[PDB]
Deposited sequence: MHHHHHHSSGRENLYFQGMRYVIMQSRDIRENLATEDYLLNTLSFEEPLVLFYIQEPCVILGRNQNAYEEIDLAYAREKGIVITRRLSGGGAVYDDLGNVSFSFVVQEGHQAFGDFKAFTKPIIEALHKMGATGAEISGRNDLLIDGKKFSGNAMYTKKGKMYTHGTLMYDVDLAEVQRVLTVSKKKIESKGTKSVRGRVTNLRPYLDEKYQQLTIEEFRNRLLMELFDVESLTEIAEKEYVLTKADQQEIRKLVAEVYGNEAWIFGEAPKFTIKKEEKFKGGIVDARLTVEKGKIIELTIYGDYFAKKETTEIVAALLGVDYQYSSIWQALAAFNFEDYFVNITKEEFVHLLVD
């Protein structure tokens, strides 16, 4: 039943908007697989601090496009040596955070293309010979989700390290016949492995082609979100207290203003994954007494599996107040 979309743009902002738009107009009838390629860019996780993750002056110098995605996780640098994939599907009860199930077909395709021993590790990365060639993230909204990931074929690894504040390319591990492909050919071969065919003509009717009504709405998302300075960089947090810890589920970085024993301002940054927006947690804490019992009580009704995957409510409250 799956369909596919090959994005034509080389702009990360248009490609993310396309994914956003396709998730928001998905039918249960057909899940999608998306493939997209873009020019030098950095993509921030949903709750990351732009100013701490990127060397902005260097990105500015080199014309590296900065944006922010809807999924959690960390910062990624992409260039024309990367292809990104996305599985857009109806969310089953167990599905969110199950990177093993969602990356299985990519691993199997890569194994078939000669990259044997490729495996999932650190929960959301794909490794080969102990080295990361892919990071993955998930987003869900209203029972629909995507899992999207990078595949480093011929990324400039030096540039990755320079613009962000063990990794590897796939090319050396693939069979000889796949070792001198264009990034487009690499993408197309992956696609063919996923649908278990020899040529694209065997699945041309499974392509979904973006209409002009689609393109118009995507254009609006780029203006309002993915190219929007307010969305990308966010407002400066007002704070005198910073609490940062690494948990099983990633880093949480909390910035607080406390006055007369009450929380007046709170900003939460991190690279955790989440089904729901962190803004709801912040809204519940504003004006609350800055003490464990009062903070816990304010968050009593929240299911923390929804807000911070693999970080407990107790951990979070202790972070805020210890």
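- Gaps between the deposited sequence and the modelled structure occur at positions 1 to 17, 183 to 198.
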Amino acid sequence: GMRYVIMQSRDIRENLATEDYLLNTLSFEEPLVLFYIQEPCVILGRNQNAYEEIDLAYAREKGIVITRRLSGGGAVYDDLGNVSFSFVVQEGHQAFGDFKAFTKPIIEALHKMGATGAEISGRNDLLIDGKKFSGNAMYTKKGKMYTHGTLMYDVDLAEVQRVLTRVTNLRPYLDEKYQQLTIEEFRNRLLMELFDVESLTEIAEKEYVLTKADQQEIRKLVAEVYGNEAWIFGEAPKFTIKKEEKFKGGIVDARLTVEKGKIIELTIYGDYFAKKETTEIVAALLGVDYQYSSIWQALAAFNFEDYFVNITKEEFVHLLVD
From here on, numbers count along this sequence of modelled residues.
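- Comparing 256 to 264 with 24 to 32, the stretch with the higher mean C-alpha B-factor in the PDB entry is 24 to 32.
- In this entry, 3 to 11 has the higher mean Cα B-factor, the comparison being between 311 to 319 and 3 to 11.
- Per the PDB entry, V209 shows the highest C-alpha temperature factor of the residues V163, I183, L127, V209.
- Across the options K242, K132, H148, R219, the residue with the most elevated CA B-factor in the record is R219.
- Ranked by Cα temperature factor within the chain, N82 sits in the lowest third according to the deposited record.
- Per the deposited record, the Cα B-factor of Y139 falls in the lowest third when ranked against the other modelled residues of its chain.
- Per the deposited record, the Cα B-factor of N169 falls in the lowest third when ranked against the other modelled residues of its chain.
- Looking at the C-alpha B-factors along this chain, the one for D55 belongs to the middle third.
- For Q215, the recorded CA temperature factor ranks within the highest third of the chain's modelled residues.
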